[PDB]
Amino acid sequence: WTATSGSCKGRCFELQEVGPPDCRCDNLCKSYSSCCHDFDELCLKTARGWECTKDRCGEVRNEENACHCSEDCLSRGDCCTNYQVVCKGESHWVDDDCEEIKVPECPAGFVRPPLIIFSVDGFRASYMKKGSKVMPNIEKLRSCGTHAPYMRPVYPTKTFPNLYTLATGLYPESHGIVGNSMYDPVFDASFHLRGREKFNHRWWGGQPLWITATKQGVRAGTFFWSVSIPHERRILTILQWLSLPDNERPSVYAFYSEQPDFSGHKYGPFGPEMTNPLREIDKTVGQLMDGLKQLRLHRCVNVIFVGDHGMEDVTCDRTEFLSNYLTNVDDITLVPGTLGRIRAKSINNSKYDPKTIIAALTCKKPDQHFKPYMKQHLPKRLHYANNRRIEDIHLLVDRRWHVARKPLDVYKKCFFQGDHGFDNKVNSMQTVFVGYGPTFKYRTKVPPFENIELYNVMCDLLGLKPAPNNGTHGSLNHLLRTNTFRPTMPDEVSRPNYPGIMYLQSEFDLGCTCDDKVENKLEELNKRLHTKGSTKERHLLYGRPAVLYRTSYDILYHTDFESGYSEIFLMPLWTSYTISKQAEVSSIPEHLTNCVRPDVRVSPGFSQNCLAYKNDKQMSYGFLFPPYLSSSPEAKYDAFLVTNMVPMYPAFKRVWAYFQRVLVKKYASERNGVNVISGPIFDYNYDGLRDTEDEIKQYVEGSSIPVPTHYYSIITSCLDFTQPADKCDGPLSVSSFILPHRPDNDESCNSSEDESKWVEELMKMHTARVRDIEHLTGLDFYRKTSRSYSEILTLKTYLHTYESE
């Protein structure tokens, strides 16, 4: 109940919300059915429209008008945005040449440059080029300020998950808004776009920018606008707020546009009907900038133009139906569309089986347009698992397609020609970022970056301390003229041991054998230098990784590779080696096929054993440094040390062997040498964070050898490929992957074929950032380079996408 019989006189677009049943006059009251009786009359004036004409200049102030052209309007803060242009011979902002804004030029009383966040729904990255002729204001912001060629949304590339990621710097799994539609089993409650449940504060985790500002005594404009409030009225309201006295004035403001998303759904991303919505958005930008210029704020305010996600061509006829695969379709609930999430229809049904549903959905039709996953098996780059609201069974849908339960769902809900939600690496889903103002750089391009990074920068722009989030603070410093945040490298927590020869061969009873009893002092000092680290500067190019948690580990040197060997996990945390362009690939000699050798620097008690692999009928083993890339027949024996061995399912050894035998050399030849760091990952609770010992759900049978959930590699070389990886004088180039360690290759529908037809495609799907691996391992890479730390932070957030132009 709201007693809607109070008044909005003098309260129009008030900043503090009032508590029911008192009637509201804020920009959200409509959405709550709670506005005072006179809200439209007083607060939503429309008389005479939004522009001054010649004949209104100097007019007598008529309060009924939407905006004013009277003499007193500038000091009242309520002129039409084109007032000075029409009535005072001023130019439109877009017609002025751009001049660098070296320092903020603010009216007295301003303590900091305000921030205006202009968000556009469904604004695909390529609109910046393809619509440039009809968006002159946006094009001026873009070319005069700082821009990226695109910004990466989070998965799923839906509206609410991305708007709230923008607000919090959090992944949807952490902020809780994991779709436009959700079921929370603990609350037993459902969230949807339409309706009241979504207003309950319990859905919304983390700490969004407006709360962060408020707690730190920076005042915030109310960020959300009722859908019926016209864009012109939003702009005028913001401009009026910017004329409040110093003590009442917000420092941060938000504008949100439903376009071009609304039209893109109807007409597709490049439908000819799309030109008009783009023109209209640009006109709104022009109104804001002309209004700021009137207030002399156009060289004071930092403006961010940002999208939530792109738009892809999708039609009703491109729908896969679960009823074409599953026998018991009525025993499931699907969240449908551009992603799929499946749960049991009834919790009282003990006949329900996820394993059979997955099997019924796996590679069933020659060009099936979705792939099922248990959520813990999704690519780790999506960070889409650690939330009770994310159903165990997930469908990744091909771009341009929909999934539905039954055909009746499509025609008893073609309307739409566009949709979004797909994998966030998909080109059509990428969106836009422009920063313009005193604090942003002038005429500067920056590389694509992820939207999780923006919260930190919005905090920097306002002098705020960000709440803990998933951005990497400092990685977007290169966007900014000043207000940079100067991060320090984390402190190493565990120091390594450097073991020498300490054990005799006969102390080991590991059940391993090697044909290596084949015997010279010229070369005997040599093997010794190599074991003491003589070639370490060749193979460890960026310093050893730092271990950021408490543990016991050994640095082990070899001719061809260096490793950090964990006495707790019984295997390396990391193995580092450099492969030059000239390197040659050799095979494993026949006699050495099953060779595993005791490492006399490491005690039997802290070693794996071959017996466990023999007894374990499911598990085999592989090596982190590959024997194929040994520098000499003698160096090869090092690759067979028990300390270089890791557990691997036979199915996974197909992937791993092909990566090591074929792909490393291919990368080295293409990138002019590569430095490789590989290792195991344990993430049994799928939280994207390093497991402790007590979280490991699986061991090699009859032993304490933990089974990794994933294996990673980080492949670095010189950005200037005319320089070899091991002699690079400047910026680096990286690509990385986190491959799931699976007992089958069900994920790859072509896996019965030669590895050359499917393995590289798998690896590409599982591309990762160095930062993702840091989280999953507790390691810190690139500790000793010649590069600035902010630049290294940028490198660590880079994702190699494998999408064309």
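When you see a residue number, it is the position in the sequence shown, counting from 1. If you superpose the two forms and keep the largest set of C-alpha atoms that fall within 1.5 Å, you have the rigid core.
Undergrad: If the other structures are each fit on the rigid core, which stretch ends up farther away in C-alpha terms in 6 other deposited structures of this protein, 549 to 557 or 520 to 528?
TA: Of 549 to 557 and 520 to 528, the stretch deviating more in 6 other deposited structures of this protein is 520 to 528.
Undergrad: I'd like to know the size of any gap between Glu519 and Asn520, counted in deposited residues with no coordinates: none, 1 to 3, 4 to 9, or 10 or more.
TA: Gap between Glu519 and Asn520: 1 to 3 residues without coordinates.
Undergrad: Between residues given as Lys413 and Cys414, how many of the deposited sequence are not built: none, 1 to 3, 4 to 9, or 10 or more?
TA: The entry leaves 4 to 9 residues without coordinates here.
Undergrad: Do the CA atoms of 528 to 536 or those of 639 to 647 have the higher mean B-factor in the entry?
TA: Taking the mean C-alpha B-factor of 528 to 536 and of 639 to 647, the larger value falls to 528 to 536.
Undergrad: Which is higher on mean Cα B factor in this entry, 794 to 802 or 3 to 11?
TA: So the stretch with the higher mean C-alpha B-factor is 3 to 11.
Undergrad: Identify, among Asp121, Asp97, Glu173, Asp560, the residue whose C-alpha carries the highest B-factor in the deposited PDB entry.
TA: Max CA B-factor in the entry, restricted to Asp121, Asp97, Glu173, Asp560: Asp97.
Undergrad: Taking the values straight from the PDB record, which of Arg249, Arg299, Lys351, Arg690 has the highest C-alpha temperature factor?
TA: Highest C-alpha B-factor among the listed residues goes to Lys351.
Undergrad: State the tercile, meaning the lowest, middle or highest third, of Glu51 with respect to the CA B-factors recorded for its chain.
TA: For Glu51, whose C-alpha B-factor we compare with every modelled residue in the chain, the answer is the highest third.
Undergrad: Based on the entry's values, in what third of the chain does the Cα temperature factor of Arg742 lie: lowest, middle or highest?
TA: Its C-alpha B-factor, which the entry lists for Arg742, ranks in the middle third among residues of this chain.
Undergrad: Grab the CA temperature factor for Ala344 from the record and place it in the lowest, middle or highest third of its chain.
TA: Top third by C-alpha B-factor.
Undergrad: Grab the CA temperature factor for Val770 from the record and place it in the lowest, middle or highest third of its chain.
TA: Its C-alpha B-factor belongs to the lowest third of this chain's values.
Undergrad: Ranking every modelled residue in this chain by its Cα temperature factor as given in the entry, which third contains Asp780?
TA: Its C-alpha B-factor belongs to the lowest third of this chain's values.
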